[PDB]
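Survey of secondary and tertiary structure
Now for the letters of each chain:
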Protein chains: 4
Amino acid sequence: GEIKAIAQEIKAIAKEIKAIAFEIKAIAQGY
Amino acid sequence: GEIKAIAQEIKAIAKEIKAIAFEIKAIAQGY
Amino acid sequence: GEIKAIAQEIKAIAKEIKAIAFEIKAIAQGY
Amino acid sequence: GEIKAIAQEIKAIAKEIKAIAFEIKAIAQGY
């Protein structure tokens, strides 16, 4: 399941990105 | 799926990130 | 080649995201 | 690859985005 393992990692990174993006959005709005 | 399904979930998240990136960009420009 | 087509779309979106991210970074630094 | 290769290229780009997101976050916080 190599391709699934990589797809899994990608999905995990993508979720981190999305979380960081909302955090940046909040910082930007706050100032 | 399985890997099609995961690919579609990644694609959905990537679309969300892109949307939030555009929002951040507009907020950052406005200020 | 369904899975390749979706992987292709994902990669294209990811590149857009990365471009928008450098743009936001430049706006943030500029102010 | 092919789809493994594309998956690895997506993963690399996602890592770059995440890195730039952290940079943006730090810049935005600092100011």
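1. Let's talk about the interface of chain C and chain D
At the interface, 17 residues of chain C touch 13 residues of chain D. Of the roughly 1,400 Å² buried between chain C and chain D, counting both surfaces, carbon and sulfur atoms make up 77%. On the chain C side of the interface with chain D, the three residues burying the most area are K4, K11 and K18 of chain C, jointly 33% of the side's total. The interface formed by chain C and chain D contains four salt bridges. One can count three residue pairs in polar contact joining chain C with chain D. Residue composition of the side of chain C that touches chain D, by class: 10 nonpolar, two polar and five charged.

2. Observations concerning the relation of the copies chain A and chain D
Once chain A is rotated about the relating axis by 90° and shifted along it by 0.1 Å, it coincides with chain D to within an RMSD of 0.4 Å. The transformation relating the two chain copies, once decomposed into turn and shift, fits a four-fold axis.

3. Quick word on the pattern of salt bridges
Summed over all chains, the structure comprises 16 salt bridges over all chains. Residue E9 of chain A is joined to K11 of chain D by a salt bridge in which the shortest nitrogen-to-oxygen separation is 3.7 Å. Taken together, the residues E9 of chain A in helix α1 (residues 2-30) and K11 of chain D in helix α1 (residues 3-30) connect one chain to another.

4. Some words on the packing of α1 of chain A against helix α1 (residues 3-30) of chain B
Taken N-terminus to C-terminus, the directions of α1 of chain A and α1 of chain B make an angle of 20°; their axes are 9 Å apart at the nearest point. One element, α1 of chain A, and the other, α1 of chain B, form an angle in the roughly parallel class. The two elements α1 of chain A and α1 of chain B cross, and the hand of that crossing is left-handed. Partitioned by chemical class, the residues of the contact of α1 of chain A with α1 of chain B number 17 nonpolar, two polar and eight charged.

Here is what the cut-offs are and how they apply
- Residues numbered from 1 in each chain as written, not as in the entry; some residues may be left out.
- Chains lettered and ligands numbered in written order.
- Heavy atoms only, no water.
- Contact = heavy atoms within 4.5 Å.
- Buried area = accessible area lost by both parts, 1.4 Å probe.
- Salt bridge = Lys/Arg side-chain N within 4 Å of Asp/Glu carboxyl O.
- Polar contact = N/O pair within 3.5 Å; in protein donor to acceptor, adjacent residues only side chain to side chain.
- Nonpolar A, V, L, I, M, F, W, Y, C, P; charged D, E, K, R; others polar.
- Least-squares fit on C-alpha atoms.
- Helix = DSSP H or I, 4+ residues; strand = E, 2+ residues; numbered from the N terminus.
- Axes fitted to C-alpha atoms, helices over the stretch in contact; angles between N-to-C directions.
- Parallel < 35°, antiparallel > 145°, perpendicular 65-115°, else oblique.
- Left-handed = near helix turned anticlockwise from the far one by under 90°.

Keep in mind these numbers describe shape, not what the thing actually does.
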